[PDB]
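Enquirer: model this:
(4 chains, ligands or ions: 43)
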Amino acid sequence: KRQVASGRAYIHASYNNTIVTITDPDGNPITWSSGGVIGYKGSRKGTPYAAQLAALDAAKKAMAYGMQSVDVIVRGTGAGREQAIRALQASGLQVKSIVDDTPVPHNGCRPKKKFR
Amino acid sequence: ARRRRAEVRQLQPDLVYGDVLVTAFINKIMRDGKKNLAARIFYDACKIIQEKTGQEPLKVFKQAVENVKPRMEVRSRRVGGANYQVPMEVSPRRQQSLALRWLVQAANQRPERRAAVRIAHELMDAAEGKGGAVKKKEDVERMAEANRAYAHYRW
Amino acid sequence: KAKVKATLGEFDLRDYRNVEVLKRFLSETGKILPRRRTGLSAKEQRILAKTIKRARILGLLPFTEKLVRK
RNA sequence: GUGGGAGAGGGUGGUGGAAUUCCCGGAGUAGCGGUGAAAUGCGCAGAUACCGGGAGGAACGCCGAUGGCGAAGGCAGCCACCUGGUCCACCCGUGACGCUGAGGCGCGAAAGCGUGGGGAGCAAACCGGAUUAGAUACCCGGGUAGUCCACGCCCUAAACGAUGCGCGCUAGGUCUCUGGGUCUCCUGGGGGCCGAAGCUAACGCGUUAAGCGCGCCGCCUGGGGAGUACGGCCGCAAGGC
Ligand SMILES: [Mg+2]
Ligand SMILES: [Mg+2]
Ligand SMILES: [Mg+2]
Ligand SMILES: [Mg+2]
Ligand SMILES: [Mg+2]
Ligand SMILES: [Mg+2]
Ligand SMILES: [Mg+2]
Ligand SMILES: [Mg+2]
Ligand SMILES: [Mg+2]
Ligand SMILES: [Mg+2]
Ligand SMILES: [Mg+2]
Ligand SMILES: [Mg+2]
Ligand SMILES: [Mg+2]
Ligand SMILES: [Mg+2]
Ligand SMILES: [Mg+2]
Ligand SMILES: [Mg+2]
Ligand SMILES: [Mg+2]
Ligand SMILES: [Mg+2]
Ligand SMILES: [Mg+2]
Ligand SMILES: [Mg+2]
Ligand SMILES: [Mg+2]
Ligand SMILES: [Mg+2]
Ligand SMILES: [Mg+2]
Ligand SMILES: [Mg+2]
Ligand SMILES: [Mg+2]
Ligand SMILES: [Mg+2]
Ligand SMILES: [Mg+2]
Ligand SMILES: [Mg+2]
Ligand SMILES: [Mg+2]
Ligand SMILES: [Mg+2]
Ligand SMILES: [Mg+2]
Ligand SMILES: [Mg+2]
Ligand SMILES: [Mg+2]
Ligand SMILES: [Mg+2]
Ligand SMILES: [Mg+2]
Ligand SMILES: [Mg+2]
Ligand SMILES: [Mg+2]
Ligand SMILES: [Mg+2]
Ligand SMILES: [Mg+2]
Ligand SMILES: [Mg+2]
Ligand SMILES: [Mg+2]
Ligand SMILES: [Mg+2]
Ligand SMILES: [Mg+2]
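Expert: Numbers count the residues shown, from 1 in each chain, chains lettered A, B, ... in the order given. Ligands and ions are numbered 1, 2, ... in the order given. What follows is the structure:
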């Protein structure tokens, strides 16, 4: 209903899930998918397959609003962080660029014992 | 085989078709060391398939084996406690053993009375894309693409 | 690879204001390069660290950047 | 004394960006999260993921090091003021003014205590979910004291180099920080590694001694009882010597 046809794709990849958002050039989102959006429920969502199908689910949802050009942004290390990218390139969406923007603190906040 | 590759047994060419795949199939039929009986089963089944169908049994036997060859199967792998059903490909040697054994074990599950009737009927159905043997093949490749979520465990 | 001090001129290590030359000590990200990549001495790198941090606060050198790859 | 030098040494004020959390707005559906699997938890009052604006607290990525500084505890963004220690060159000045050091006094991580602040993240206790034969636990979701600041207490430690201090002497080689020099190197002052002589029960130490000597302080004399009992001093208490 928008006809954006150019914009950004954010891959949020953790060890428990891989989830993909697609926005317009200004950053405001359009559609999105994830490991849970497709049928997967538990630990399966943080798999490269779920990463693939999630990237492709949002990539077809963006075809509705007419997306062709896509700028990829990646945050987090995760299984299928790369597999969601590789899926995104073959989605028909012409991938403009790929950037890794994973936030790293300058040692500011005390992590949970899990990360200690 | 911890040490070596344990090379393949080379079968003798068929006495009739000069074809090694025939002999290998005859062997899977042979039980209790009766190769003589197993051939007379197979060859008297070659007459069934060639009369009840005006087509060369050679090309049907090949065509039946091909339709039962699985391109992928599922294997277990011990990972983090309980194991997982892991899909992976099938080496072309294993496609041979499975499809051949599947034809024979299917035919003996058939309703037909005499041995060669079951073989020729199963073979005829198997080339046509139906019959119990092609279901085992179509069910295996269903295990893969189901546990496809573990394609990263290839090993 | 080549080293930074090797392909350069005679410069003021203490001048926080010269961006054209201080940009040559940052990576693709804003990170300050190790001695193995700058070819500086123990005393020099210590001084460079402080001068780059000075330039960062004047808005001349970046704190962190975005890697365009992967 | 003079002239140079390096440094997370200390105190005070100021300040910068990254990240977490919360609030506001924009946009946007059906889950997010989390684990070996999970569940409690959160989500249609619209979360997670994304863009922007704001508040607040704590800690400083890269540089960063086997590195530097301090008597030890310990010290890490940047800027400025106050300030301590230390090292080198000149061979200028005083003329044994030295060394150690029972007492005394000052310092003393973390935790804990008092009064008043502060409170983002984490997190004893605790509230739940799991696991389990049981779970008073590791794993998961929540969360108070506290961690942070001011002022005043507490005085412990694997407070470690398990090695008290100062001085003289006794092969070298090699890496290194930092001075000076006639700048393949020489010569100081630190920090590492091999190893002469020698010591050591052995492992190992070996110009940074655990070697050869001298001065002075502390301390040891079988394990359990026991760092307990009593007494004393100290402390608001926990408790300490
Ligand atoms: Mg998960
Ligand atoms: Mg993280
Ligand atoms: Mg980490
Ligand atoms: Mg990690
Ligand atoms: Mg850690
Ligand atoms: Mg001075
Ligand atoms: Mg300082
Ligand atoms: Mg909102
Ligand atoms: Mg609910
Ligand atoms: Mg607040
Ligand atoms: Mg470091
Ligand atoms: Mg020192
Ligand atoms: Mg220490
Ligand atoms: Mg000074
Ligand atoms: Mg004189
Ligand atoms: Mg005189
Ligand atoms: Mg004393
Ligand atoms: Mg104390
Ligand atoms: Mg404390
Ligand atoms: Mg308090
Ligand atoms: Mg927490
Ligand atoms: Mg907890
Ligand atoms: Mg048990
Ligand atoms: Mg002892
Ligand atoms: Mg002791
Ligand atoms: Mg040496
Ligand atoms: Mg020099
Ligand atoms: Mg030395
Ligand atoms: Mg010897
Ligand atoms: Mg040694
Ligand atoms: Mg000497
Ligand atoms: Mg000595
Ligand atoms: Mg004693
Ligand atoms: Mg005993
Ligand atoms: Mg005794
Ligand atoms: Mg005992
Ligand atoms: Mg005792
Ligand atoms: Mg005690
Ligand atoms: Mg007594
Ligand atoms: Mg007492
Ligand atoms: Mg009293
Ligand atoms: Mg008590
Ligand atoms: Mg005690």
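Enquirer: Tell me the gap between the longest helix belonging to chain A and the middle of its chain.
Expert: In chain A, taking DSSP state H as the definition, the longest helix is helix A:48-64. Its chain's C-alpha centre lies 9 Å from the corresponding centre of helix A:48-64 when counted by CA atoms, centre = their mean, to the nearest Å.
Enquirer: what does the next helix or strand after it rub up against?
Expert: Counting by DSSP states H and E, the next helix or strand C-terminal to helix A:48-64 is strand A:69-75. Outside strand A:69-75, the residues within contact range by CB atoms under 8 Å, 6 or more residues apart in numbering or on different chains are A:5-13, A:22, A:62, A:81, A:85, A:88, A:93-103, C:70. C-beta coordinates here come from the backbone N, C-alpha and C atoms, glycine included.
Enquirer: what lines up beside strand A:69-75 in the sheet?
Expert: Using DSSP bridges, the strands paired with strand A:69-75 are strand A:6-13 (parallel), strand A:94-100 (parallel).
Enquirer: and among those, the most buried is which?
Expert: strand A:6-13 (a mean of 22; mean count of other CB atoms under 10 Å in any protein chain shown).
Enquirer: May I have that one as CSV, with CA atoms only?
Expert: Included here for strand A:6-13 are C-alpha records, laid out as CSV according to Å, rounded to 0.1, in the frame of the first residue of the first chain:
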residue,chain,number,x,y,z
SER,A,6,14.1,0.9,-1.8
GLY,A,7,15.2,0.7,1.8
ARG,A,8,16.9,-1.1,4.7
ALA,A,9,16.9,-4.7,6.0
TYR,A,10,18.0,-5.3,9.6
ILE,A,11,19.1,-8.8,10.6
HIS,A,12,19.0,-9.3,14.4
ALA,A,13,20.9,-12.5,15.0
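Enquirer: and it, anywhere near RNA strand D?
Expert: Yes. Against RNA strand D, strand A:6-13 shows contacts by CB under 7 Å from any atom of the strand at A:8, A:10, A:12.
Enquirer: again, but for stretch A:96-107
Expert: Yes. Using CB under 7 Å from any atom of the strand, stretch A:96-107 reaches RNA strand D at A:103-107.
Enquirer: What about chain C: which of those touch it?
Expert: residue A:104 (CB under 8 Å from any CB of the partner chain).
Enquirer: State the pair within the residues of stretch A:96-107 next to RNA strand D that is farthest apart.
Expert: Maximum pairwise distance among the residues of stretch A:96-107 next to RNA strand D (CB to CB): 13.0 Å, between A:103 and A:107.
Enquirer: ok, back up a step: any chance of TSV for the strands paired with strand A:69-75, columns distance to residue A:31?
Expert: Formatted as TSV, these follow (distance: least, CB to CB, whole Å):
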stretch	distance to residue A:31
strand A:6-13	10
strand A:94-100	17
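Enquirer: Could you say which one of these comes nearest to residue B:89?
Expert: Of these, the one closest to residue B:89 (CB to CB) turns out to be strand A:6-13, at 27.5 Å.
Enquirer: Just list the residues touching the closest residue to chain B within chain A, thanks.
Expert: Taking CB to the nearest CB, chain B has its nearest neighbour within chain A at residue A:49, 4.5 Å off. Listed by CB under 8 Å, 6+ apart, the contact partners of residue A:49 are A:80, A:83, B:148-149, B:151-152.
Enquirer: Can you say which of the residues you listed are buried?
Expert: The neighbour-count criterion (16 or more other CB atoms under 10 Å in any protein chain shown) marks A:80, A:83, B:149, B:151 among those as buried.
Enquirer: my guess is the second one contacts residue A:50, does it?
Expert: No. Under the criterion of CB atoms under 8 Å, residue A:83 is not in contact with residue A:50, lying 9.2 Å apart.
Enquirer: Now for the two: what residues contact both?
Expert: In contact with both residue A:83 and residue A:50: residue A:18, using CB under 8 Å, 6+ apart.
Enquirer: so which of the strands paired with strand A:69-75 gets nearest residue B:106?
Expert: Nearest of the strands paired with strand A:69-75 (CB to CB): strand A:6-13, 45.7 Å.
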